[PDB]
Amino acid sequence: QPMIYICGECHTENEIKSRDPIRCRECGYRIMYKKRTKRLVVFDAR
Amino acid sequence: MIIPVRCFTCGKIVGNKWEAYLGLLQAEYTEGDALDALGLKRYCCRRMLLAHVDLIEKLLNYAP
Amino acid sequence: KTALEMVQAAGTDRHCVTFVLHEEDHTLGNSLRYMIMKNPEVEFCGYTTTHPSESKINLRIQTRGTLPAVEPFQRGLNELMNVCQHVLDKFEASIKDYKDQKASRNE
Amino acid sequence: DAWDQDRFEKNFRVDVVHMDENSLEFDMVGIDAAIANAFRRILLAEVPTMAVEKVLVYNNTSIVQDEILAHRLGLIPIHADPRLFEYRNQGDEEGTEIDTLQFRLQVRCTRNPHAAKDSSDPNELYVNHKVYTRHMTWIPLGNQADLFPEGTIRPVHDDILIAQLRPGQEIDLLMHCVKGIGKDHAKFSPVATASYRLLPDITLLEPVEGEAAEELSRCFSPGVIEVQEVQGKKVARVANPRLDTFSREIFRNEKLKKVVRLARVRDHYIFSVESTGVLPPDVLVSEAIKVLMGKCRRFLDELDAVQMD
Amino acid sequence: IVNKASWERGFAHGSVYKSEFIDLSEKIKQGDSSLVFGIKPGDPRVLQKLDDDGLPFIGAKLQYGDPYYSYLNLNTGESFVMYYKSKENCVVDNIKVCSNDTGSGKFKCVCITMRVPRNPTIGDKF
Ligand SMILES: [Zn+2]
Ligand SMILES: [Zn+2]
């Protein structure tokens with residue numbers, strides 16, 4: 001899958017390839033976060 | 001933020017005494033008896049539950 | 001890998017030797033200091049931790065009347081085994097007297 | 001005088017006061033501070049237990065941070081018998097059947113579909129919104145399902161609020177319980193607190209009557225000094241001076257600070273061991289006595305290794 | 001003197017959130033300003049450390065010497081790489097992708113936010 005980015009306001013998983021302008025494709029909002037996916041990171045319980 | 005699992009000074013498990021503390025306080029107990037009737041005897045443990053501001057109900061309002 | 005260093009004082013003087021016990025603190029260093037001082041053949045027995053960043057103790061033992069100072073230290077250890085063994089045997093047989101009074105009281 | 005072993009084995013006695021689950025109170029007549037403190041300091045730091053060390057996260061979408069969640073899982077008591085397990089030799093990430101235990105805290109929060117009318121209560125709106133420790137699934141590896149029955153390897157308290165969730169948020173981690181002593185990190189200690197106190201004595205050097213006995217009756221703790229009627233007057237007699245907090249309140253009143261001699265009884269310690277639940281409390285005092293013997297045996301083995309003679 | 005076990009149980013544990021607004025035109029300017037974040041396929045420097053867009057993962061720990069972000073010059077195809085040149089160890093908390101004030105900015109602004117643990121050590125003043 002491509003990378004998934006979440007808008008700040010309406011929270012839609014808008015995929016952004018690195019070419020097109022960056023905006024939410026529903027409400028046009030300009031700041032978009034990034035989704036957290038499965039991968040392994042080891043933290044110690046100390 | 002959220003209640004610590006162990007008391008800081010001497011490590012009594014006090015993390016399992018928070019919801020049953022709010023339950024005693026809604027049932028019109030006082031805080032001198034809602035810390036007595038949970039088994040918190042030393043004032044280093046009664047410090048941990050009396051003085052605790054559960055700052056995660058305010059923090060979860062900003063939810064996606 | 002070692003756990004015990006004997007340091008003679010002047011090489012020939014085996015009456016004064018400072019036992020440097022590795023991986024220790026005031027748990028065994030103060031229980032041994034109580035037992036070696038219960039020997040009349042010991043003029044002086046004191047311990048110190050080296051530095052709290054380290055975990056080894058010094059343990060000075062020095063005797064009178066010409067004993068090498070490992071014999072109050074073997075007697076220092078065996079007479080603590082014989083104390084913890086007796087504390088264990090009077091503890092495990094006093095818990096059982098408590099359990100068998102909690103059972104046979106109104107049950 | 002010297003160490004008469006038959007003076008010790010005649011005057012020593014242990015008197016157990018209270019022992020329910022996860023608590024113990026006993027006396028020790030005739031042991032000195034340098035042994036009783038060794039028992040106390042072996043309970044707090046030498047008796048080994050099991051606790052979480054590594055945490056392998058996938059999708060901590062929660063509000064509790066990835067670091068703080070691992071530290072919060074470290075402090076949760078595991079109800080595994082420590083004596084069954086071994087220390088990890090250093091550098092193994094995946095321990096064997098004998099070294100490590102495993103768990104898996106896999107909780108996903110979702111909205112409650114039904115019975116969600118005009119309410120803002122979280123129990124009626126959300127499912128799995130308070131991640132308790134009863135959400136931990138023991139994942140036995142090797143042949144550990146055969147050594148322990150169904151329901152032995154387990155978190156102790158099963159009410160400890162780990163995280164708190166809202167819908168869309170997920171915790172999918174994996175744990176690795178290890179073995180350690182209570183001084184390598186404080187999460188391995190078996191005991192809430194282990195302590196002692198000398199039994200106080202209180203000695204009425206003067207017979208006090210009347211209202212001065214009631215004034216004496218309230219300086220000490222409730223239950224120490226009792227006021228009894230003997231033909232019209234109210235004289236005071238002590239009764240169980242174990243109850244006294246030793247707060248020195250009688251040395252504030254002026255006329256009555258010279259009638260009682262508040263001191264302590266030497267070598268009459270009153271322990272109290274409160275376990276966190278990993279082992280029963282009278283098994284933790286046994287495996288704290290048996291550690292000081294091991295510390296003696298290791299140095300006797302080293303003395304046998306130095307001098308062959 | 002602070003108790004050691006009490007320090008180990010959670011006494012005054014903290015965090016410090018080093019956020020860093022990264023812009024590919026206010027800093028990196030050589031030619032034509034067509035710099036978007038991206039990885040060139042066949043680059044071993046970004047294998048499993050940076051994501052397929054050139055930004056690091058969320059939750060991924062960073063240490064001194066890790067690839068920090070990578071940006072793909074769109075006109076030639078030659079992707080670069082920038083490394084995490086801080087001393088401390090940190091965890092990428094979230095990454096926000098900022099556009100311009102119109103809504104038509106190209107994918108070249110970002111603001112990485114990093115947790116740094118910062119527990120009480122020797123020399124921390126109370
Ligand atoms: Zn939007
Ligand atoms: Zn406490």
# chains A, B, ... in the order shown; residues from 1 in each chain; ligands from 1

call {"tool": "residues_near_ligand", "arguments": {"ligand": "ligand 1", "cutoff": "9 Å", "atoms": "only C-alpha atoms and all ligand atoms", "output": "list in words"}}
result
residues 6, 7, 8, 9, 10, 11, 12, 13, 14, 23, 24, 25, 26, 27, 28, 29, 30, 31 and 32 of chain A

call {"tool": "closest_atom_pairs", "arguments": {"of": "chain B", "to": "ligand 2", "cutoff": "6 Å", "atoms": "only C-alpha atoms and all ligand atoms", "output": "CSV"}}
result
residue,atom,partner,partner_atom_place_in_ligand_line,distance
B:7,CA,ligand 2,1 (Zn),4.7
B:9,CA,ligand 2,1 (Zn),4.9
B:10,CA,ligand 2,1 (Zn),3.7
B:11,CA,ligand 2,1 (Zn),5.4
B:12,CA,ligand 2,1 (Zn),5.3
B:44,CA,ligand 2,1 (Zn),4.8
B:45,CA,ligand 2,1 (Zn),4.1

call {"tool": "write_last_selection", "arguments": {"atoms": "N, CA, C and O atoms", "output": "compact mmCIF listing (two decimals), in the first residue's frame"}}
result
# COMPACT_ATOMS: atom_id res chain seq x y z
N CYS B 7 3.28 2.46 44.38
CA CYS B 7 3.59 3.64 45.18
C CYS B 7 5.08 3.94 45.10
O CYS B 7 5.90 3.04 44.98
N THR B 9 7.39 5.60 47.22
CA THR B 9 8.25 5.35 48.37
C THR B 9 8.46 3.87 48.66
O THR B 9 9.57 3.36 48.48
N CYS B 10 7.41 3.15 49.06
CA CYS B 10 7.46 1.71 49.23
C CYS B 10 6.47 1.08 48.25
O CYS B 10 5.33 1.52 48.15
N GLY B 11 6.92 0.08 47.53
CA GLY B 11 6.22 -0.29 46.32
C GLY B 11 4.95 -1.09 46.46
O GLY B 11 4.82 -2.14 45.83
N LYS B 12 4.00 -0.61 47.25
CA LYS B 12 2.69 -1.24 47.29
C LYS B 12 2.00 -1.03 45.95
O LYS B 12 2.10 0.05 45.36
N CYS B 44 2.76 7.39 53.07
CA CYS B 44 3.45 7.50 51.80
C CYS B 44 2.62 6.91 50.69
O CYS B 44 2.83 7.22 49.52
N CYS B 45 1.69 6.02 51.04
CA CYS B 45 0.77 5.47 50.06
C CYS B 45 -0.48 6.33 49.95
O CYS B 45 -0.99 6.54 48.85

call {"tool": "interface_residues", "arguments": {"of": "chain D", "to": "chain B", "cutoff": "7 Å", "atoms": "only C-alpha atoms", "output": "VMD selection string"}}
result
chain D and resid 72 75 159 to 161 192 to 193 276

call {"tool": "residues_around", "arguments": {"residues": "residue E:5", "least_positions_apart": "6", "cutoff": "8 Å", "atoms": "only C-alpha atoms", "output": "PDB file with C-alpha atoms, in the first residue's frame"}}
result
ATOM      1  CA  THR B   9       8.248   5.349  48.367  1.00  0.00           C
TER       2      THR B   9
ATOM      3  CA  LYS D 183      18.366  -4.467  43.705  1.00  0.00           C
ATOM      4  CA  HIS D 185      15.830  -2.803  39.511  1.00  0.00           C
ATOM      5  CA  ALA D 186      13.028  -2.105  41.947  1.00  0.00           C
TER       6      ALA D 186
END

call {"tool": "atom_distance", "arguments": {"atom1": "atom CA of residue D:134", "atom2": "atom CA of residue D:155"}}
result
7.5 Å

call {"tool": "atom_distance", "arguments": {"atom1": "atom CA of residue E:38", "atom2": "atom CA of residue E:52"}}
result
7.0 Å

call {"tool": "residues_around", "arguments": {"residues": "residue E:90", "least_positions_apart": "4", "cutoff": "10 Å", "atoms": "only C-alpha atoms", "output": "list in words"}}
result
residues 16, 17, 18, 59, 60, 61, 62, 63, 64, 86, 113, 114, 115, 116, 117 and 118 of chain E

call {"tool": "interface_residues", "arguments": {"of": "chain C", "to": "chain D", "cutoff": "7 Å", "atoms": "only C-alpha atoms", "output": "MDAnalysis selection string"}}
result
chainID C and resid 4 27:28 30:31 34 38:40 77 81 84 88 90:91 94:95 98

call {"tool": "write_last_selection", "arguments": {"atoms": "C-alpha atoms", "output": "compact mmCIF listing (two decimals), in the first residue's frame"}}
result
# COMPACT_ATOMS: atom_id res chain seq x y z
CA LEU C 4 37.57 -13.29 47.68
CA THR C 27 24.05 -7.57 54.54
CA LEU C 28 26.75 -10.19 55.05
CA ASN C 30 27.57 -6.68 59.10
CA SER C 31 26.33 -10.12 60.04
CA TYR C 34 28.79 -9.53 64.53
CA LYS C 38 31.93 -12.87 69.27
CA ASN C 39 35.29 -14.69 69.26
CA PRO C 40 37.64 -13.98 72.20
CA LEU C 77 30.93 -18.11 58.41
CA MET C 81 25.15 -20.85 58.77
CA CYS C 84 20.37 -18.98 59.92
CA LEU C 88 14.88 -21.23 59.63
CA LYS C 90 12.27 -22.28 64.41
CA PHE C 91 10.49 -20.20 61.78
CA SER C 94 6.25 -21.78 64.17
CA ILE C 95 4.36 -20.96 60.98
CA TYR C 98 0.01 -20.88 63.44

call {"tool": "residues_around", "arguments": {"residues": "residue E:67", "least_positions_apart": "3", "cutoff": "10 Å", "atoms": "only C-alpha atoms", "output": "NGL selection string"}}
result
:E and (45-47 or 49-50 or 54-56 or 62-64 or 70 or 81-85)

call {"tool": "residues_around", "arguments": {"residues": "residue A:1", "least_positions_apart": "5", "cutoff": "12 Å", "atoms": "only C-alpha atoms", "output": "list in words"}}
result
residues 15, 16, 17 and 37 of chain A; 51, 52 and 53 of chain E

call {"tool": "write_last_selection", "arguments": {"atoms": "N, CA, C and O atoms", "output": "PDB file, in the first residue's frame"}}
result
ATOM      1  N   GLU A  15      -4.051   9.360   0.890  1.00  0.00           N
ATOM      2  CA  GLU A  15      -2.726   8.950   0.456  1.00  0.00           C
ATOM      3  C   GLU A  15      -2.118  10.075  -0.369  1.00  0.00           C
ATOM      4  O   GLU A  15      -2.814  10.735  -1.147  1.00  0.00           O
ATOM      5  N   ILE A  16      -0.839  10.341  -0.149  1.00  0.00           N
ATOM      6  CA  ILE A  16      -0.119  11.380  -0.869  1.00  0.00           C
ATOM      7  C   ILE A  16       1.113  10.742  -1.478  1.00  0.00           C
ATOM      8  O   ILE A  16       2.042  10.353  -0.761  1.00  0.00           O
ATOM      9  N   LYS A  17       1.116  10.613  -2.794  1.00  0.00           N
ATOM     10  CA  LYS A  17       2.364  10.379  -3.489  1.00  0.00           C
ATOM     11  C   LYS A  17       3.126  11.695  -3.590  1.00  0.00           C
ATOM     12  O   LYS A  17       2.551  12.781  -3.518  1.00  0.00           O
ATOM     13  N   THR A  37       1.913   2.456  11.498  1.00  0.00           N
ATOM     14  CA  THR A  37       1.682   1.120  10.974  1.00  0.00           C
ATOM     15  C   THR A  37       2.399   0.067  11.824  1.00  0.00           C
ATOM     16  O   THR A  37       3.121   0.386  12.771  1.00  0.00           O
TER      17      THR A  37
ATOM     18  N   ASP E  51      10.868   5.455   5.677  1.00  0.00           N
ATOM     19  CA  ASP E  51       9.711   4.875   5.019  1.00  0.00           C
ATOM     20  C   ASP E  51       9.844   5.065   3.505  1.00  0.00           C
ATOM     21  O   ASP E  51      10.819   5.630   3.004  1.00  0.00           O
ATOM     22  N   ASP E  52       8.855   4.602   2.749  1.00  0.00           N
ATOM     23  CA  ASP E  52       8.899   4.696   1.297  1.00  0.00           C
ATOM     24  C   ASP E  52       8.626   6.101   0.774  1.00  0.00           C
ATOM     25  O   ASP E  52       8.637   6.300  -0.444  1.00  0.00           O
ATOM     26  N   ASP E  53       8.379   7.075   1.648  1.00  0.00           N
ATOM     27  CA  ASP E  53       8.225   8.463   1.245  1.00  0.00           C
ATOM     28  C   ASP E  53       9.434   9.318   1.579  1.00  0.00           C
ATOM     29  O   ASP E  53       9.507  10.460   1.123  1.00  0.00           O
TER      30      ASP E  53
END

call {"tool": "interface_residues", "arguments": {"of": "chain E", "to": "chain D", "cutoff": "10 Å", "atoms": "only C-alpha atoms", "output": "list in words"}}
result
residues 4, 5, 6, 7, 8, 9, 10, 13, 14, 15, 58, 59, 91, 93, 115, 116 and 117 of chain E

call {"tool": "atom_distance", "arguments": {"atom1": "atom CA of residue D:25", "atom2": "atom CA of residue D:270"}}
result
7.0 Å

call {"tool": "residues_around", "arguments": {"residues": "residue D:130", "least_positions_apart": "6", "cutoff": "7 Å", "atoms": "only C-alpha atoms", "output": "JSON, numbers by chain"}}
result
{"D": [161, 163, 164, 165]}

call {"tool": "write_last_selection", "arguments": {"atoms": "N, CA and C atoms", "output": "PDB file, in the first residue's frame"}}
result
ATOM      1  N   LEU D 161      -4.841  -0.646  36.078  1.00  0.00           N
ATOM      2  CA  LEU D 161      -5.170   0.161  34.910  1.00  0.00           C
ATOM      3  C   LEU D 161      -3.896   0.481  34.148  1.00  0.00           C
ATOM      4  N   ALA D 163      -3.554   1.308  30.499  1.00  0.00           N
ATOM      5  CA  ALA D 163      -3.734   2.444  29.613  1.00  0.00           C
ATOM      6  C   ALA D 163      -5.188   2.861  29.649  1.00  0.00           C
ATOM      7  N   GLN D 164      -5.588   3.742  28.742  1.00  0.00           N
ATOM      8  CA  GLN D 164      -6.983   4.126  28.616  1.00  0.00           C
ATOM      9  C   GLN D 164      -7.193   4.589  27.189  1.00  0.00           C
ATOM     10  N   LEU D 165      -8.173   3.997  26.522  1.00  0.00           N
ATOM     11  CA  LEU D 165      -8.260   4.078  25.076  1.00  0.00           C
ATOM     12  C   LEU D 165      -9.507   4.828  24.637  1.00  0.00           C
TER      13      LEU D 165
END

call {"tool": "interface_residues", "arguments": {"of": "chain A", "to": "chain D", "cutoff": "8 Å", "atoms": "only C-alpha atoms", "output": "VMD selection string"}}
result
chain A and resid 36 to 46

call {"tool": "write_last_selection", "arguments": {"atoms": "N, CA and C atoms", "output": "PDB file, in the first residue's frame"}}
result
ATOM      1  N   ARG A  36       0.359   5.547  11.857  1.00  0.00           N
ATOM      2  CA  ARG A  36       1.296   4.607  12.456  1.00  0.00           C
ATOM      3  C   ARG A  36       0.939   3.186  12.035  1.00  0.00           C
ATOM      4  N   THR A  37       1.913   2.456  11.498  1.00  0.00           N
ATOM      5  CA  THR A  37       1.682   1.120  10.974  1.00  0.00           C
ATOM      6  C   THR A  37       2.399   0.067  11.824  1.00  0.00           C
ATOM      7  N   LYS A  38       2.201  -1.207  11.479  1.00  0.00           N
ATOM      8  CA  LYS A  38       2.908  -2.314  12.113  1.00  0.00           C
ATOM      9  C   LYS A  38       4.371  -2.305  11.696  1.00  0.00           C
ATOM     10  N   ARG A  39       5.264  -2.199  12.678  1.00  0.00           N
ATOM     11  CA  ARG A  39       6.648  -2.629  12.553  1.00  0.00           C
ATOM     12  C   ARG A  39       7.203  -2.767  13.958  1.00  0.00           C
ATOM     13  N   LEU A  40       8.307  -3.488  14.082  1.00  0.00           N
ATOM     14  CA  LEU A  40       8.795  -3.894  15.391  1.00  0.00           C
ATOM     15  C   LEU A  40       9.803  -2.893  15.927  1.00  0.00           C
ATOM     16  N   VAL A  41       9.533  -2.349  17.111  1.00  0.00           N
ATOM     17  CA  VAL A  41      10.479  -1.509  17.834  1.00  0.00           C
ATOM     18  C   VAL A  41      10.562  -2.019  19.265  1.00  0.00           C
ATOM     19  N   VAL A  42      11.767  -2.331  19.724  1.00  0.00           N
ATOM     20  CA  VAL A  42      11.978  -2.986  21.009  1.00  0.00           C
ATOM     21  C   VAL A  42      12.289  -1.933  22.062  1.00  0.00           C
ATOM     22  N   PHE A  43      11.420  -1.809  23.058  1.00  0.00           N
ATOM     23  CA  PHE A  43      11.648  -0.966  24.221  1.00  0.00           C
ATOM     24  C   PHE A  43      11.830  -1.843  25.444  1.00  0.00           C
ATOM     25  N   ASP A  44      12.757  -1.471  26.320  1.00  0.00           N
ATOM     26  CA  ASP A  44      12.974  -2.239  27.537  1.00  0.00           C
ATOM     27  C   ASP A  44      12.180  -1.657  28.696  1.00  0.00           C
ATOM     28  N   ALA A  45      11.764  -2.523  29.612  1.00  0.00           N
ATOM     29  CA  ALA A  45      10.846  -2.129  30.678  1.00  0.00           C
ATOM     30  C   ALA A  45      11.585  -1.656  31.917  1.00  0.00           C
ATOM     31  N   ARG A  46      12.548  -0.770  31.730  1.00  0.00           N
ATOM     32  CA  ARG A  46      13.382  -0.318  32.828  1.00  0.00           C
ATOM     33  C   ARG A  46      13.381   1.202  32.904  1.00  0.00           C
TER      34      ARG A  46
END

call {"tool": "select_by_dssp", "arguments": {"residues": "chain A", "states": "strand (DSSP E)", "output": "list in words"}}
result
residues 4, 5, 6, 13, 14, 15, 31, 32, 41, 42, 43 and 44 of chain A

call {"tool": "write_last_selection", "arguments": {"atoms": "N, CA and C atoms", "output": "PDB file, in the first residue's frame"}}
result
ATOM      1  N   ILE A   4      -0.129   6.456   4.201  1.00  0.00           N
ATOM      2  CA  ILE A   4      -1.427   6.984   4.582  1.00  0.00           C
ATOM      3  C   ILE A   4      -1.235   8.164   5.515  1.00  0.00           C
ATOM      4  N   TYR A   5      -1.899   9.271   5.211  1.00  0.00           N
ATOM      5  CA  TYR A   5      -1.807  10.496   5.983  1.00  0.00           C
ATOM      6  C   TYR A   5      -3.198  10.894   6.432  1.00  0.00           C
ATOM      7  N   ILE A   6      -3.309  11.389   7.653  1.00  0.00           N
ATOM      8  CA  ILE A   6      -4.597  11.742   8.231  1.00  0.00           C
ATOM      9  C   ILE A   6      -4.671  13.253   8.353  1.00  0.00           C
ATOM     10  N   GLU A  13      -8.153   9.234   5.660  1.00  0.00           N
ATOM     11  CA  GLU A  13      -6.899   8.618   5.257  1.00  0.00           C
ATOM     12  C   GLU A  13      -6.611   8.987   3.810  1.00  0.00           C
ATOM     13  N   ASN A  14      -5.901  10.091   3.616  1.00  0.00           N
ATOM     14  CA  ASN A  14      -5.595  10.597   2.290  1.00  0.00           C
ATOM     15  C   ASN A  14      -4.189  10.165   1.930  1.00  0.00           C
ATOM     16  N   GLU A  15      -4.051   9.360   0.890  1.00  0.00           N
ATOM     17  CA  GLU A  15      -2.726   8.950   0.456  1.00  0.00           C
ATOM     18  C   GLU A  15      -2.118  10.075  -0.369  1.00  0.00           C
ATOM     19  N   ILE A  31      -2.687  20.963   6.946  1.00  0.00           N
ATOM     20  CA  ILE A  31      -1.759  20.238   7.809  1.00  0.00           C
ATOM     21  C   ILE A  31      -2.242  18.807   7.916  1.00  0.00           C
ATOM     22  N   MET A  32      -1.377  17.860   7.575  1.00  0.00           N
ATOM     23  CA  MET A  32      -1.746  16.456   7.529  1.00  0.00           C
ATOM     24  C   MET A  32      -0.710  15.650   8.288  1.00  0.00           C
ATOM     25  N   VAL A  41       9.533  -2.349  17.111  1.00  0.00           N
ATOM     26  CA  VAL A  41      10.479  -1.509  17.834  1.00  0.00           C
ATOM     27  C   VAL A  41      10.562  -2.019  19.265  1.00  0.00           C
ATOM     28  N   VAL A  42      11.767  -2.331  19.724  1.00  0.00           N
ATOM     29  CA  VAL A  42      11.978  -2.986  21.009  1.00  0.00           C
ATOM     30  C   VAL A  42      12.289  -1.933  22.062  1.00  0.00           C
ATOM     31  N   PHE A  43      11.420  -1.809  23.058  1.00  0.00           N
ATOM     32  CA  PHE A  43      11.648  -0.966  24.221  1.00  0.00           C
ATOM     33  C   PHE A  43      11.830  -1.843  25.444  1.00  0.00           C
ATOM     34  N   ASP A  44      12.757  -1.471  26.320  1.00  0.00           N
ATOM     35  CA  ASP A  44      12.974  -2.239  27.537  1.00  0.00           C
ATOM     36  C   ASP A  44      12.180  -1.657  28.696  1.00  0.00           C
TER      37      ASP A  44
END

call {"tool": "interface_residues", "arguments": {"of": "chain E", "to": "chain A", "cutoff": "7 Å", "atoms": "only C-alpha atoms", "output": "mmCIF file with N, CA, C and O atoms, in the first residue's frame"}}
result
data_model
loop_
_atom_site.group_PDB
_atom_site.id
_atom_site.type_symbol
_atom_site.label_atom_id
_atom_site.label_comp_id
_atom_site.auth_asym_id
_atom_site.auth_seq_id
_atom_site.Cartn_x
_atom_site.Cartn_y
_atom_site.Cartn_z
ATOM 1 N N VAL E 36 11.155 17.247 -3.499
ATOM 2 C CA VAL E 36 10.150 16.557 -2.707
ATOM 3 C C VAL E 36 10.850 15.465 -1.920
ATOM 4 O O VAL E 36 11.958 15.043 -2.261
ATOM 5 N N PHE E 37 10.219 15.012 -0.841
ATOM 6 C CA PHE E 37 10.769 13.894 -0.086
ATOM 7 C C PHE E 37 10.543 12.601 -0.853
ATOM 8 O O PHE E 37 9.448 12.354 -1.362
ATOM 9 N N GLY E 38 11.567 11.768 -0.930
ATOM 10 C CA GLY E 38 11.407 10.514 -1.640
ATOM 11 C C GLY E 38 12.663 9.687 -1.539
ATOM 12 O O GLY E 38 13.753 10.198 -1.271
ATOM 13 N N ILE E 58 6.824 6.537 12.387
ATOM 14 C CA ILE E 58 6.324 7.023 13.663
ATOM 15 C C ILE E 58 6.457 5.904 14.672
ATOM 16 O O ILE E 58 5.990 4.787 14.430
ATOM 17 N N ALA E 60 9.519 4.909 15.467
ATOM 18 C CA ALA E 60 10.868 4.412 15.236
ATOM 19 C C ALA E 60 11.868 5.199 16.063
ATOM 20 O O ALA E 60 11.930 6.426 15.964
ATOM 21 N N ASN E 94 5.276 12.038 16.351
ATOM 22 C CA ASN E 94 4.449 12.133 15.158
ATOM 23 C C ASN E 94 5.138 13.014 14.133
ATOM 24 O O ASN E 94 6.030 13.796 14.460
ATOM 25 N N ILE E 95 4.706 12.876 12.893
ATOM 26 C CA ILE E 95 5.235 13.634 11.776
ATOM 27 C C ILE E 95 4.059 14.318 11.113
ATOM 28 O O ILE E 95 3.102 13.650 10.705
ATOM 29 N N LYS E 96 4.100 15.640 11.031
ATOM 30 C CA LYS E 96 3.034 16.387 10.391
ATOM 31 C C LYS E 96 3.552 17.013 9.109
ATOM 32 O O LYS E 96 4.677 17.512 9.053
ATOM 33 N N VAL E 97 2.738 16.930 8.069
ATOM 34 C CA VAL E 97 3.102 17.383 6.738
ATOM 35 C C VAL E 97 2.391 18.700 6.490
ATOM 36 O O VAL E 97 1.170 18.730 6.317
ATOM 37 N N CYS E 98 3.148 19.785 6.467
ATOM 38 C CA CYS E 98 2.597 21.123 6.365
ATOM 39 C C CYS E 98 2.580 21.552 4.909
ATOM 40 O O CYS E 98 3.554 21.334 4.186
ATOM 41 N N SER E 99 1.476 22.145 4.476
ATOM 42 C CA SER E 99 1.373 22.758 3.161
ATOM 43 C C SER E 99 1.626 24.258 3.293
ATOM 44 O O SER E 99 2.103 24.738 4.322
ATOM 45 N N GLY E 103 -2.862 26.132 -0.129
ATOM 46 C CA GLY E 103 -3.381 24.783 -0.153
ATOM 47 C C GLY E 103 -2.849 24.037 -1.351
ATOM 48 O O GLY E 103 -3.269 22.915 -1.635
ATOM 49 N N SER E 104 -1.912 24.653 -2.066
ATOM 50 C CA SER E 104 -1.358 24.056 -3.272
ATOM 51 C C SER E 104 0.151 23.894 -3.192
ATOM 52 O O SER E 104 0.811 23.819 -4.231
ATOM 53 N N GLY E 105 0.710 23.845 -1.988
ATOM 54 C CA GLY E 105 2.141 23.653 -1.856
ATOM 55 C C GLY E 105 2.543 22.229 -2.193
ATOM 56 O O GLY E 105 1.791 21.279 -1.985
ATOM 57 N N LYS E 106 3.740 22.089 -2.735
ATOM 58 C CA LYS E 106 4.266 20.781 -3.064
ATOM 59 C C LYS E 106 4.833 20.140 -1.800
ATOM 60 O O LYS E 106 5.149 20.823 -0.823
ATOM 61 N N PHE E 107 4.964 18.813 -1.820
ATOM 62 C CA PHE E 107 5.330 18.027 -0.640
ATOM 63 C C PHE E 107 6.799 18.265 -0.305
ATOM 64 O O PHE E 107 7.691 17.485 -0.641
#

call {"tool": "select_by_dssp", "arguments": {"residues": "chain C", "states": "alpha helix (DSSP H)", "output": "VMD selection string"}}
result
chain C and resid 28 to 36 71 to 102

call {"tool": "write_last_selection", "arguments": {"atoms": "C-alpha atoms", "output": "mmCIF file, in the first residue's frame"}}
result
data_model
loop_
_atom_site.group_PDB
_atom_site.id
_atom_site.type_symbol
_atom_site.label_atom_id
_atom_site.label_comp_id
_atom_site.auth_asym_id
_atom_site.auth_seq_id
_atom_site.Cartn_x
_atom_site.Cartn_y
_atom_site.Cartn_z
ATOM 1 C CA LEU C 28 26.748 -10.188 55.052
ATOM 2 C CA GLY C 29 29.449 -7.711 55.989
ATOM 3 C CA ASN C 30 27.569 -6.677 59.104
ATOM 4 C CA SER C 31 26.329 -10.121 60.037
ATOM 5 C CA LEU C 32 29.896 -11.467 59.783
ATOM 6 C CA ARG C 33 31.163 -8.489 61.771
ATOM 7 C CA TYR C 34 28.792 -9.528 64.530
ATOM 8 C CA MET C 35 29.955 -13.133 64.522
ATOM 9 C CA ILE C 36 33.725 -12.683 64.291
ATOM 10 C CA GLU C 71 40.317 -19.481 61.271
ATOM 11 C CA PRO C 72 38.141 -16.776 62.895
ATOM 12 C CA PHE C 73 36.763 -16.208 59.393
ATOM 13 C CA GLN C 74 35.817 -19.837 58.744
ATOM 14 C CA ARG C 75 34.344 -19.880 62.232
ATOM 15 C CA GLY C 76 32.833 -16.536 61.284
ATOM 16 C CA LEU C 77 30.930 -18.108 58.408
ATOM 17 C CA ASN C 78 29.966 -21.536 59.805
ATOM 18 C CA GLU C 79 28.627 -19.953 62.971
ATOM 19 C CA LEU C 80 26.335 -17.853 60.773
ATOM 20 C CA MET C 81 25.147 -20.853 58.773
ATOM 21 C CA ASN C 82 24.339 -22.489 62.103
ATOM 22 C CA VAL C 83 22.386 -19.375 63.127
ATOM 23 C CA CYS C 84 20.375 -18.983 59.922
ATOM 24 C CA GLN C 85 19.680 -22.737 59.924
ATOM 25 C CA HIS C 86 18.292 -22.528 63.432
ATOM 26 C CA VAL C 87 16.287 -19.384 62.649
ATOM 27 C CA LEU C 88 14.882 -21.231 59.630
ATOM 28 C CA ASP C 89 14.019 -24.298 61.694
ATOM 29 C CA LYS C 90 12.275 -22.276 64.411
ATOM 30 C CA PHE C 91 10.486 -20.205 61.782
ATOM 31 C CA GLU C 92 9.130 -22.995 59.590
ATOM 32 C CA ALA C 93 7.958 -24.853 62.721
ATOM 33 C CA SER C 94 6.249 -21.785 64.167
ATOM 34 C CA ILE C 95 4.357 -20.962 60.977
ATOM 35 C CA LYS C 96 2.968 -24.504 61.126
ATOM 36 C CA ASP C 97 1.815 -23.991 64.714
ATOM 37 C CA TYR C 98 0.012 -20.883 63.437
ATOM 38 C CA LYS C 99 -1.578 -22.557 60.410
ATOM 39 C CA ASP C 100 -2.745 -25.467 62.573
ATOM 40 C CA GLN C 101 -4.313 -23.062 65.039
ATOM 41 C CA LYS C 102 -6.066 -21.122 62.291
#
